[PDB]
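Okay, here's what each chain looks like letter by letter:
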Amino acid sequence: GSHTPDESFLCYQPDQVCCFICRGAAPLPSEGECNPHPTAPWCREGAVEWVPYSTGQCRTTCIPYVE
């Protein structure tokens, strides 16, 4: 299934969590979460997020947890 592009999305991996952002994009969620979540208690903090994506916005705040 596909996700709903709008901004920040709570992506999840079997070994890492990442917060992406965008409203007109899409290609990103496939083998893990990235749920519809405009913002969050970390996406705004400031990780290694990018500005340019394949549509207009972008982002890539990742973090290694229990993995």
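Residues numbered from 1 in each chain as written, not as in the entry; some residues may be left out. Heavy atoms only, no water.

Listed as the method for this PDB entry is solution NMR.

Asks: I'd like a description of the overall build of the chain, backed by residues and values.
Replies: Scanning the chain from terminus to terminus reveals 0 helices and 4 strands. Counting from the amino terminus, the chain carries its helices and strands in the arrangement β-β-β-β. Here the chain has a C-alpha radius of gyration of 11 Å; the compact-globule value for 67 residues is 11 Å, and the two agree. The 67 residues of the chain split such that 27% are buried. Long-range contacts, defined here as pairs at least 24 residues apart, represent 52% of the contacts in the chain between residues at least 6 apart. Roughly 4,600 Å² of accessible area belongs to the chain as shown, and the carbon and sulfur atoms make up 53% of that amount. (Helix = DSSP H or I, 4+ residues; strand = E, 2+ residues; numbered from the N terminus. Rg over C-alpha atoms; globule rule 2.2 N^0.38 Å. Buried < 20%, exposed > 50% of the residue type's maximum accessible area, 1.4 Å probe, protein only. Contact = heavy atoms within 4.5 Å. Areas by Shrake-Rupley, 256 points an atom, 1.4 Å probe, with all protein chains shown as cover.)

Asks: Help me get a handle on the pairing of strand β2 (residues 16-20), residues and values and all.
Replies: Judged by how many residues are buried, β2 sits mostly within the fold: 4 of 5 residues are covered. Of the strand pairs in this sheet, strand β1 (residues 9-13) and β2 are connected by 5 bridges, and their pairing is antiparallel. Across the sheet, residue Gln13 finds its bridge partner in β2, namely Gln16. Where β1 folds back on β2, the antiparallel hairpin that results is connected by 2 residues. Across 3 bridges, β2 lies against strand β4 (residues 61-63) in antiparallel orientation. Bridge pairing in β4 places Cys19 opposite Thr61. (Pairing = 2+ DSSP bridges.)

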